[PDB]
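S.K.: My complex, part one, positions kept as in the full thing:
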Amino acid sequence: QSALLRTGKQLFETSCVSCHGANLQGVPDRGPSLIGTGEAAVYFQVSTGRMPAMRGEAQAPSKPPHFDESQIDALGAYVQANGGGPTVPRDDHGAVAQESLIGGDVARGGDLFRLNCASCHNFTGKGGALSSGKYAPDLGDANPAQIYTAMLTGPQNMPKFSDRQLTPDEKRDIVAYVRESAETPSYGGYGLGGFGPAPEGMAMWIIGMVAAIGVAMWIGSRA
Amino acid sequence: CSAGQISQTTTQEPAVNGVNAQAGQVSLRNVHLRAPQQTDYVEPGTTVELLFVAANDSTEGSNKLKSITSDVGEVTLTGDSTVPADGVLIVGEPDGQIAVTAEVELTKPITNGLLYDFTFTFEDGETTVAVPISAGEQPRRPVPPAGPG
Amino acid sequence: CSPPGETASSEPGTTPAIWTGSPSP
């Protein structure tokens, strides 16, 4: 659809030329080239709100999206028309596939997540800290399509997982574990952030020991 | 500190399978070779396709692409290789593209994962890109099932 | 105390040859 390509270039001319240039070649020391990135990269980077960036630092953090769903498709098509690349999965209606990307085998997805994903993030996908300034964000707000596109495209410091290294069935199973583990309630009470011993010790010192000491002063005497 | 002159988001390169090259005034983006493989080497005589995008940094004049040579075989250019003033010159049709093409006739075996030198000249530059072999949106090739051992 | 067995070199290197695979495991 020529209207979609023209609309996407019309958004690009006013939003992305500052760091990527008019012909998507990339401005040196300001932004890389968008040739060959594909629609999947643009879709993820805009739906997550990551782009357009505002300054140069360790990582551009996530923020509310700057464009609506219709504008993301136009922006992705324009970049896709220049150099090609991976495309976001779609359902029968032509919209972005959300429910159909959920795998039916979560047990395989959990092992795959632990082997390939739980290194930068944690087991429950809460996030982690990278080398210097950089950090892996929380996975509790990403829809399955965003996770799929992140695996396809490999954001700033994330090894790209090709359709050959990770088949779509494996990718569908991986997001199934990510989506499930986000909305499963904790079984032993409050989850305490799902980080491990670090919140457990802090909660201990501030609750159990505060109550134990406070009770002791009630029972005991001063001076 | 991380927002100084040396940033980690400004030095970041493209997350694709291409090579960024500067031929004086024309920028080469996503320079890669498309070559389906079945055996460890692509035998000589197999026709492959070289794909890239040429961007003209200058917005005053035009440029034309001529004499693409490499030590892998003979490279044939078909179509209008003239890049506009402030436009692009897309050669080949990469996967996910709903007509200038580069045809390469191999004389020596090639394989995925190695780098092969290519020479790009338009009118005022002779630069080497070391073009690799990149696979597009093709699915993973089936692997024969191993026996009991 | 730098490790003696860990020194950088400027040698270019050569492309590895195709593996054959010895028989009789």
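M.R.: Arrived safely, thanks for sending. Residues are numbered from 1 along each chain as shown, chains lettered A, B, ... in the order given.
S.K.: tell me the SS of residue A:109?
M.R.: helix (DSSP: H, G, I helix; E, B strand; the rest coil).
S.K.: Next: the one 5 residues further on.
M.R.: Under the three-state scheme (three-state DSSP), residue A:114 adopts helix.
S.K.: just residue B:143 next, same as before
M.R.: coil.
S.K.: leaving aside the residues next to it on the chain, what's closest to residue B:56?
M.R.: residue B:83 (5.0 Å; CB to CB, 6 or more residues apart in numbering or on different chains). Yep, even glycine has a C-beta here, placed from its N, CA and C like the rest.
S.K.: need the contact list for that neighbour.
M.R.: B:26, B:54-56, B:62-65, B:89, B:122 (CB atoms under 8 Å, 6 or more residues apart in numbering or on different chains).
S.K.: where does chain C come near chain B, residue by residue?
M.R.: Proximity of chain C to chain B, by CB under 8 Å from any CB of the partner chain, involves residues C:15, C:18.
S.K.: Quick check: the gap between the residue nearest to residue B:56 and residue A:156.
M.R.: 30 Å (CB to CB, to the nearest Å).
S.K.: got it, and residue C:19?
M.R.: For residue C:19, the distance to residue A:156 - CB to CB - is 36 Å.
S.K.: Compare the two and say which is more crowded by neighbours.
M.R.: A direct count of neighbours by other CB atoms under 10 Å in any protein chain shown for residue C:19 and residue A:156 places residue A:156 higher, at 15 against 7.
S.K.: Is that one in contact with residue B:12, as I believe?
M.R.: Yes. Contact criterion CB atoms under 8 Å: residue A:156 and residue B:12 qualify, at 6.1 Å.
S.K.: so where do the strands sit in chain B?
M.R.: For chain B, the strands defined by DSSP state E occupy B:21-23, B:26-34, B:47-56, B:63-64, B:66-70, B:73-78, B:82-83, B:88-91, B:101-106, B:115-116, B:118-121, B:127-128, B:131-132.
S.K.: tack on chain D:
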Amino acid sequence: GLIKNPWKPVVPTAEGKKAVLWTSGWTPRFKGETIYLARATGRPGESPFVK
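M.R.: Let me put chain D in with the others:
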């Protein structure tokens, strides 16, 4: 009974038995042995490692 020799050659190798710490899964058991860089499919059994 608890004491064990760290350097007792027990691992077969192309150049005779060697100690555990000097060897690994990538150590060839004979000259010219082919060791594939197999990936983990993530599923139990049914070819967990493939070429």
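S.K.: Could you pull up the residues touching the residue in chain C positioned nearest to chain B?
M.R.: Across chain C, the shortest distance to chain B (CB to the nearest CB) belongs to residue C:18, at 6.3 Å. For residue C:18, the contacting residues are residue B:40, by CB under 8 Å, 6+ apart.
S.K.: element containing it?
M.R.: Residue C:18 belongs to no helix or strand when assigned by DSSP states H and E.
S.K.: any idea how far it is from residue B:146?
M.R.: Distance of residue C:18 to residue B:146, computed by CB to CB: 21 Å.
S.K.: what does residue A:222 give?
M.R.: Distance from residue A:222 to residue B:146, by CB to CB: 76 Å.
S.K.: Likewise for residue B:61?
M.R.: For residue B:61, the distance to residue B:146 - CB to CB - is 60 Å.
S.K.: More neighbours: which of those two?
M.R.: Neighbour comparison, residue B:61 and residue B:146: the larger count goes to residue B:146, with 12 against 9 (by other CB under 10 Å).
S.K.: quick one, phi/psi of the more buried one?
M.R.: Backbone torsions for residue B:146, taken as degrees, to the nearest 10, come to phi -70, psi 150.
S.K.: Spatially nearest residue to it, not counting backbone neighbours?
M.R.: Among residues not flanking residue B:146 along the chain, residue D:47 sits closest, at 6.3 Å (CB to CB, 6+ apart).
S.K.: can you pull the contacts of that neighbour?
M.R.: Residue D:47 makes contact with B:145-146, D:41, according to CB under 8 Å, 6+ apart.
S.K.: Just the element for it, please.
M.R.: With DSSP H and E as the test, residue D:47 turns up in no helix or strand.
S.K.: what about it, distance to residue B:140?
M.R.: Residue D:47 is 14 Å from residue B:140, by CB to CB.
S.K.: go on, residue B:7?
M.R.: Where residue B:140 is concerned, residue B:7 sits at a distance of 36 Å (CB to CB).
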